Structure formats: C-alpha cells, structure tokens
Amino acid sequence: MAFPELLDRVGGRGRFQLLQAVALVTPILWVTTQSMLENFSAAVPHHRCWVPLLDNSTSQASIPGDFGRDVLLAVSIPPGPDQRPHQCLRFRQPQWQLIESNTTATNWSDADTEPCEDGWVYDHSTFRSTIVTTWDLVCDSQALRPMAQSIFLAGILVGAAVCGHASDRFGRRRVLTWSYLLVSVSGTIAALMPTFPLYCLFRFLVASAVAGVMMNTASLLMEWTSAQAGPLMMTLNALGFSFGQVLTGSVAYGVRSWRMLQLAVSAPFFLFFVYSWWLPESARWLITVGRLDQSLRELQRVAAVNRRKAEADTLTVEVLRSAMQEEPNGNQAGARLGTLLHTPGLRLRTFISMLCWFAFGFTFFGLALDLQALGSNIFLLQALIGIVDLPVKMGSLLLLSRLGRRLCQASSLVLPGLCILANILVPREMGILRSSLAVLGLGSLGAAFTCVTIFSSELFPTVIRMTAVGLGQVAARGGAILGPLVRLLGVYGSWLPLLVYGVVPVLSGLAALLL
Ligand SMILES: CC(C)(Sc1ccncc1-c1ccc(C#N)c2ccccc12)C(=O)O
C-alpha cells in the first residue's frame, strides 16, 4: 500500500488541514515584515552641514544683528542643485558679502568650503531616528546601505542552503521551531548593538533563519495534504506575503524609532516558537528514514483530530513498512545536475527558465527597498503594493485558461517592465501619475512570482522536476544580491538605475515565450 491511500483514509481536506494552514500562514506576515523593514528602519531624512552660528547657542547669543534664519542659512551654506542648501559643504568663514543683492552669488570656488567636520543636522518631522541618523552614513559613506541589504540577501542564501541540508537530515518541525527561536533571538540582539558591523552580522543571522523557516513552512504545508489541493496551499502561502506588506505599512505607521520598531517586529517569533511544539511532524519523511512507530503515532493523532478514528483503527506497522518499501530512491541526485545540461533538449529549457527566475529577484528587490524615491508618502505607498497585488494575483490565474499557456509568462513580465520605463519620461510635475505607475509596477510583480512556480513543474519531467525548481531558486536569490548594488550607479544619473531595472524583465519575458 502506498502513502496516498493512507493519507486518504486518514483525511486530506479535514478541519485539521484548515487549522494547520492558519497556524502556519500567520507567521508568514511577520516574516515579510522582517524582510521589508529596511524600508523604514533605515530611511534617509533631510540633512545639512552643522553650523557654528546656527546651531551653537554659545555663538547664537553673540550674533550682531537680528537677521532671519533664512538669511543665516544663506550666509553659512551654499545653495544646492535643488535650490536647497548643500548637503556636504560649509563656508569655512562666515561670508557676509552674500547679503548684498548687488553681487551675483555664483562665483564660489570649492576652496572656500570645507567638509563637515562637526557632524550633521537632520530633520525630525516624520522620523525620530534611523540608522542613517545614528551612524551618519551620509556624503562620504552613502554607499553603505546597499552593502547592508546585499549582506542580508547573502544571509538568506546561505541560510536557505544550510537549513535545507539540516532539515533533510533531521526533520521538518525541529528545524522549523529552532529557526523560529533563532529569528527571535537574533532580531532582539540586533535591535541593541552599538556599531555598524555588529548590526550587519546580526541582520545576516536573522536572514539565514528567516530563509530556513520559510522553506520549512512551504514543505510542511504542501506535504500534509493530498495532491488535489496543493495549488490552493501555494496560493495561500503567496497571499501571506501581500498581507504582510499591509501589516508592515501599519506597524511602521505606528512606531517611528528604529530600535523600538525592530523590537516590535522581532518579538512575536518567540510566541510562535512557544506553540510550534504541538504541531505533528511530517509522517512521510519519518517513513523514509525508518522510524515507523513515530509515523504511526502521528497518523493516529491527525486521524483522531478529524473525527476519523474508526477507519484509522486498522492501521498497523507492516503496511507502513510496505509503504516504506514503495518509497522512491534519491540516489540519482548526483547526475541530475549534469544531464540537465548534457541533453540538448533539456539545455535550452533551463537557460530560459532561470532568466525567468533571475529577472524576479533582480527587479523586485532593487526597487521595493527604495520606496523613498518613487514617491512621497511611504506609509501609504507601502500599503498599496499589497492591496493591488491580490486583484492581479487572482486575475492572473483566471487569465491562464482563456489566453493559453505560452502567453501567460510573457505577458506577466512585459507589463511590469514597461511601467518602469515610462517612469522617466513622465514629467516631474505630475507627481500623482508618477507614483501610481510605480505601484502597478511593483504590485504586478507579485503575480509574476506565482506563475513561475506553476510553470516550472509542467515543463520538466517528473523524474528531474525537483532539480529544475531547485536551480530556479538559486538564480532567483543570486540575482537578488545584485539588486541593491545597482543603485550605486546613480552618480552618473538619477535615471540610469530606472533604466536597468526595467529592461531586464522585458528582455526576459519576451524571450520566455520561445518555449
Ligand atoms: C523567497 C525569496 C528569497 S524573496 C523573499 C525574501 C525575504 N522575504 C520574503 C521574500 C519573498 C519571496 C516570494 C515573494 C512572492 N511572491 C515575496 C513577495 C513579497 C515579499 C517577499 C517575498 C525568493 O527570491 O524566492
């Protein structure tokens, strides 16, 4: 007797599945919050060079003449390109000549200015303090935020790999609960460190544990149900992320100091760890290893939950042993990576599939972590990304049946791509339309992820199917690391980052219909 018959006589759609779906989807919201917090915990508020005559009340008490604050600001700080005071320069000697309008204040050499040797002054209109304010990553080290985000994503990658191996060797629920605890502890410790490298290291560990819990949640959610309702489980696991975006919006609107926000986001994972003990472990994996009694215990439990004790009373050890004998082998795992490239018919089916996976990690994270520039109100913008995602996410599954197979993937990438290209041409005065085009861009990229998981399976044969979706996972992560690093090239122009981020999916999507 095979395992599906046992899962059939125990219950696949019973209430137990609903309870487990709720209890495992709820933490996905907070995982999304931890992943997206870098948009609010490290914002860049306005800044100007520290001034002796403006800031120090000692010199403020000795000022000859009661001039307006705008006058003093014009005297101390040269103007900038946006008619605002310059952000990294200061007049070395108070220039009183600038007051007279008879002299056109335009011939100022950089030799008359000096770098800010007395710190900076930030505005506290909407943010009380962020790490940009705390450690002054401005005007010389402004390239240290993409470094932090790249470190976070590298942490996700390494943690995913290590936790995958460990969960294959140890179990699902064990690695799940220990990853919960690791997220909680590492977040708590990261919310109090005094210097920057320690903050980076503990963000690394947080991301590793988050990758672990995400993968194990996916596996456990898919495994304990029948093959009929799998895609519904994947759909719920996808909706978790959008609801997490909305939660991030609300929570960030709540708290404005990066330490308290970080603690509030990292707290409830201990509560999740505290109740992760009552969930029954996966029985199929236990059958694979060979601990039959444990599997029978878990099966009797889950059957007793669904009010199906009578039929499960017949379960015995020998039928589980025969099921183990019917379990397939994974010895061939070594040569699957080779034959994916060796056979010509399978070479091209991969080189296109990865560019579908790589284009998502590169375009999404390169923008969704820079919501400061693509609009004005961050709290409302962060919320709309999650709200719009659901209509597109539900609509895309409808479009599958009507427009066909090949035309689904190609369509769900050109549309998010062309909106980013149109961002530069739209005049800077029309701020409303510039923001609305950004939301539809980042929002529609949610359904782009849902489709590639579905189309990954039907392309490759079932023998090597697990391997192909595996490599698609690495190219998606390995591309995310190169996401934020692109924003370094903004020094050449403010439009160039918006050019690279949108051309990649269009060149990916239009090339995906060739399958
Ligand atoms: C899962 C990752 C590593 S990305 C990621 C990293 C950290 N935390 C959440 C996500 C994430 C994954 C799939 C999503 C989808 N759809 C999604 C949607 C919104 C927000 C986050 C994600 C990937 O590249 O596969």
# chains A, B, ... in the order shown; residues from 1 in each chain; ligands from 1

call {"tool": "closest_atom_pairs", "arguments": {"of": "chain A", "to": "ligand 1", "cutoff": "7 Å", "atoms": "only C-alpha atoms and all ligand atoms", "output": "CSV"}}
result
residue,atom,partner,partner_atom_place_in_ligand_line,distance
A:31,CA,ligand 1,8 (N),6.3
A:32,CA,ligand 1,8 (N),5.0
A:35,CA,ligand 1,8 (N),4.7
A:156,CA,ligand 1,3 (C),6.5
A:211,CA,ligand 1,3 (C),6.9
A:238,CA,ligand 1,16 (N),5.6
A:241,CA,ligand 1,19 (C),4.7
A:242,CA,ligand 1,19 (C),6.2
A:361,CA,ligand 1,24 (O),5.3
A:446,CA,ligand 1,16 (N),4.7
A:447,CA,ligand 1,16 (N),6.8
A:449,CA,ligand 1,16 (N),4.9
A:450,CA,ligand 1,16 (N),6.1
A:473,CA,ligand 1,25 (O),6.1
A:476,CA,ligand 1,24 (O),4.9
A:477,CA,ligand 1,24 (O),4.9
A:480,CA,ligand 1,24 (O),6.8

call {"tool": "residues_around", "arguments": {"residues": "residue 98 in chain A", "least_positions_apart": "4", "cutoff": "8 Å", "atoms": "only C-alpha atoms", "output": "ChimeraX atom specification"}}
result
/A:74-75,103,105

call {"tool": "write_last_selection", "arguments": {"atoms": "C-alpha atoms", "output": "PDB file, in the first residue's frame"}}
result
ATOM      1  CA  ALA A  74      22.166  81.652   3.045  1.00  0.00           C
ATOM      2  CA  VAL A  75      25.250  83.056   4.772  1.00  0.00           C
ATOM      3  CA  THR A 103      26.716  90.894  -6.181  1.00  0.00           C
ATOM      4  CA  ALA A 105      26.362  84.984  -5.750  1.00  0.00           C
TER       5      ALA A 105
END

call {"tool": "closest_residue", "arguments": {"among": "A:421, A:222, A:97, A:461", "to": "residue 496 in chain A", "atoms": "only C-alpha atoms"}}
result
A:421

call {"tool": "closest_atom_pairs", "arguments": {"of": "range 326-389 of chain A", "to": "range 511-514 of chain A", "cutoff": "8 Å", "atoms": "only C-alpha atoms", "output": "Markdown table"}}
result
| residue | atom | partner | partner_atom | distance |
| --- | --- | --- | --- | --- |
| A:352 | CA | A:512 | CA | 6.1 |
| A:353 | CA | A:512 | CA | 7.6 |
| A:356 | CA | A:512 | CA | 7.1 |

call {"tool": "decode", "arguments": {"residues": "range 222-254 of chain A", "atoms": "N, CA and C atoms", "output": "compact mmCIF listing (two decimals), in the first residue's frame"}}
result
# COMPACT_ATOMS: atom_id res chain seq x y z
N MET A 222 2.82 21.86 2.18
CA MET A 222 2.49 21.09 0.98
C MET A 222 2.34 19.61 1.29
N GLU A 223 3.07 19.10 2.29
CA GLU A 223 3.20 17.66 2.44
C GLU A 223 1.99 17.00 3.12
N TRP A 224 1.40 17.64 4.12
CA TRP A 224 0.37 17.01 4.92
C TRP A 224 -1.00 16.99 4.25
N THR A 225 -1.07 17.30 2.96
CA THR A 225 -2.35 17.32 2.25
C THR A 225 -2.26 16.43 1.01
N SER A 226 -3.42 16.19 0.41
CA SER A 226 -3.47 15.39 -0.80
C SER A 226 -2.94 16.18 -1.99
N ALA A 227 -2.72 15.47 -3.10
CA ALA A 227 -2.21 16.10 -4.30
C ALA A 227 -3.25 16.96 -5.00
N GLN A 228 -4.52 16.89 -4.57
CA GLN A 228 -5.56 17.65 -5.24
C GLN A 228 -5.54 19.12 -4.84
N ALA A 229 -5.24 19.43 -3.58
CA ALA A 229 -5.36 20.78 -3.07
C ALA A 229 -4.02 21.48 -2.89
N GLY A 230 -2.95 20.98 -3.51
CA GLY A 230 -1.65 21.60 -3.41
C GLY A 230 -1.61 23.05 -3.86
N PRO A 231 -2.03 23.31 -5.10
CA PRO A 231 -2.02 24.70 -5.59
C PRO A 231 -2.79 25.67 -4.71
N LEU A 232 -3.86 25.23 -4.05
CA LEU A 232 -4.55 26.12 -3.12
C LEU A 232 -3.65 26.49 -1.95
N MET A 233 -2.88 25.52 -1.45
CA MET A 233 -1.94 25.81 -0.37
C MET A 233 -0.87 26.79 -0.83
N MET A 234 -0.35 26.59 -2.05
CA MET A 234 0.63 27.54 -2.58
C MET A 234 0.03 28.93 -2.74
N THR A 235 -1.25 29.00 -3.12
CA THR A 235 -1.90 30.29 -3.27
C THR A 235 -2.02 31.00 -1.93
N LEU A 236 -2.39 30.27 -0.88
CA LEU A 236 -2.44 30.89 0.45
C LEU A 236 -1.06 31.34 0.90
N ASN A 237 -0.04 30.52 0.64
CA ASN A 237 1.33 30.89 1.00
C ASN A 237 1.77 32.14 0.26
N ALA A 238 1.23 32.36 -0.95
CA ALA A 238 1.57 33.58 -1.68
C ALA A 238 0.81 34.79 -1.14
N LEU A 239 -0.47 34.61 -0.78
CA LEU A 239 -1.24 35.73 -0.24
C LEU A 239 -0.69 36.21 1.09
N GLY A 240 -0.04 35.30 1.83
CA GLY A 240 0.61 35.69 3.07
C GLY A 240 1.53 36.89 2.90
N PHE A 241 2.28 36.92 1.80
CA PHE A 241 3.25 37.99 1.59
C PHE A 241 2.57 39.34 1.40
N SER A 242 1.47 39.38 0.64
CA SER A 242 0.76 40.64 0.44
C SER A 242 0.17 41.15 1.75
N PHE A 243 -0.46 40.26 2.51
CA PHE A 243 -0.98 40.70 3.80
C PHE A 243 0.14 41.15 4.72
N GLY A 244 1.32 40.54 4.60
CA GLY A 244 2.47 41.01 5.37
C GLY A 244 2.91 42.40 4.97
N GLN A 245 2.84 42.71 3.67
CA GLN A 245 3.14 44.08 3.23
C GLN A 245 2.20 45.07 3.89
N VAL A 246 0.90 44.77 3.90
CA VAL A 246 -0.05 45.68 4.56
C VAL A 246 0.28 45.82 6.04
N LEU A 247 0.62 44.71 6.70
CA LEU A 247 0.97 44.76 8.11
C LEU A 247 2.20 45.63 8.34
N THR A 248 3.20 45.53 7.46
CA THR A 248 4.39 46.36 7.58
C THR A 248 4.03 47.83 7.48
N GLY A 249 3.18 48.18 6.51
CA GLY A 249 2.71 49.55 6.42
C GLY A 249 2.12 50.05 7.72
N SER A 250 1.18 49.29 8.28
CA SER A 250 0.51 49.74 9.50
C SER A 250 1.48 49.84 10.68
N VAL A 251 2.33 48.83 10.87
CA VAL A 251 3.24 48.83 12.00
C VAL A 251 4.24 49.98 11.90
N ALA A 252 4.79 50.21 10.71
CA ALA A 252 5.71 51.34 10.53
C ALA A 252 5.01 52.66 10.78
N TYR A 253 3.73 52.76 10.41
CA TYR A 253 2.97 53.95 10.77
C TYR A 253 2.84 54.07 12.29
N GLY A 254 2.88 52.95 12.99
CA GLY A 254 2.74 53.00 14.44
C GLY A 254 3.95 53.59 15.15
